Amino acid sequence: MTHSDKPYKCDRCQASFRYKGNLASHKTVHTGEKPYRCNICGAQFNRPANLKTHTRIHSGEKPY
Ligand SMILES: [Zn+2]
Ligand SMILES: [Zn+2]
């Protein structure tokens, strides 16, 4: 058993909410819809998975 009654909570800080609209309202507080940005190229990503795959090219440790 575990505590869980806020399906719509900010997965960035302690803040939590039971409504999706409220979450969006709270998101305005952070002011920065750019979690990850590639300085090398300039691409913006909302997920680290894509960034990890993107780093694949930048992965300098085996040129050939
Ligand atoms: Zn937050
Ligand atoms: Zn890049």
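K.L.:
Would you take a moment to explain the overall build of the chain for this structure?
P.N.:
On a plain count of helices and strands, the chain comes out with two helices and two strands. Secondary structure elements of the chain, listed N to C terminal, follow the sequence α-β-β-α. Its C-alpha radius of gyration of 17 Å places the chain more than 25% over the 11 Å reference for a compact globule of 64 residues. Taken over the C-alpha atoms alone, the chain extends approximately 50 × 35 × 15 Å along its principal axes. Evaluated residue by residue, the chain yields a buried proportion of 9% over its 64 residues. Across the chain, the fraction of contacts at a sequence separation of at least 24, relative to all contacts at a separation of at least 6, is 0%. About 6100 Å² of surface is accessible on the chain, with carbon and sulfur atoms providing 51% of the total.

K.L.:
Hey, could you run me through the coordination of the zinc ion (ligand 2) in this one?
P.N.:
Ideal coordination angles are 109.5 degrees for a metal with four donors arranged tetrahedrally and 90 or 180 degrees for a metal with six donors arranged octahedrally. The coordination sphere of the zinc ion (ligand 2), as far as protein atoms go, consists of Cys38 (SG), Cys41 (SG), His54 (NE2) and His58 (NE2), spread over 2.2 to 2.4 Å. Taken in sequence order, the residues that donate to the zinc ion (ligand 2) follow the motif C-x2-C-x12-H-x3-H. Remark: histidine 54 occurs in helix 2 (residues 48-58) and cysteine 38 occurs in the loop between strand 1 (36-37) and strand 2 (44-45); sequence separation between them is 16 residues. Neither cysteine 38 nor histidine 54 differs from the other in exposure class; each is buried.

K.L.:
Quick question: what am I supposed to make of the coordination of the zinc ion (ligand 1) here?
P.N.:
In this structure, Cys10 (SG), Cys13 (SG), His26 (NE2) and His30 (NE2) serve as the protein donors to the zinc ion (ligand 1), at separations of 2.2 to 2.4 Å. Between the four donor atoms coordinating the zinc ion (ligand 1), the angles at the centre fall across 103 to 115°, so the site counts as tetrahedral. All donor residues of the zinc ion (ligand 1) come from one chain, and their arrangement in sequence is C-x2-C-x12-H-x3-H. Look at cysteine 13 and you get partly exposed, because its relative accessible area is 31%.

K.L.:
What should I look at first to understand the domain arrangement of the chain in this one?
P.N.:
Interfaces are frequently sized by the accessible area removed from exposure as the parts join. We note that the domain assignment places domain 1 (1-33) and domain 2 (34-60) within the chain. Distance between the C-alpha centres of domain 1 and domain 2: 25 Å.

K.L.:
Please clarify how unusual backbone geometry should be interpreted in this entry.
P.N.:
What is expected of a backbone is that most residues other than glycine have negative phi and most peptide bonds are trans. Even without being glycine, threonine 31 reaches a positive phi, approximately 50°. Residue placement: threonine 31 occurs in the loop between helix 1 (20-30) and strand 1.

K.L.:
How should I be thinking about the side chain of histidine 26 in this particular structure?
P.N.:
You can see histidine 26 is positioned in helix 1. Among residues more than four places away in sequence, those in contact with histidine 26 are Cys10, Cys13, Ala15 and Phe17.

About the thresholds
Residues numbered from 1 in each chain as written, not as in the entry; some residues may be left out. Chains lettered and ligands numbered in written order. Heavy atoms only, no water. Helix = DSSP H or I, 4+ residues; strand = E, 2+ residues; numbered from the N terminus. Rg over C-alpha atoms; globule rule 2.2 N^0.38 Å. Buried < 20%, exposed > 50% of the residue type's maximum accessible area, 1.4 Å probe, protein only. Contact = heavy atoms within 4.5 Å. Areas by Shrake-Rupley, 256 points an atom, 1.4 Å probe, with all protein chains shown as cover. Donors = N, O, S within 2.8 Å, 3.2 Å for Na, K, Ca; no water. Tetrahedral: all angles 85-135°; square planar, octahedral: opposite > 155°, others 65-115°. Domains from an automatic or database assignment.

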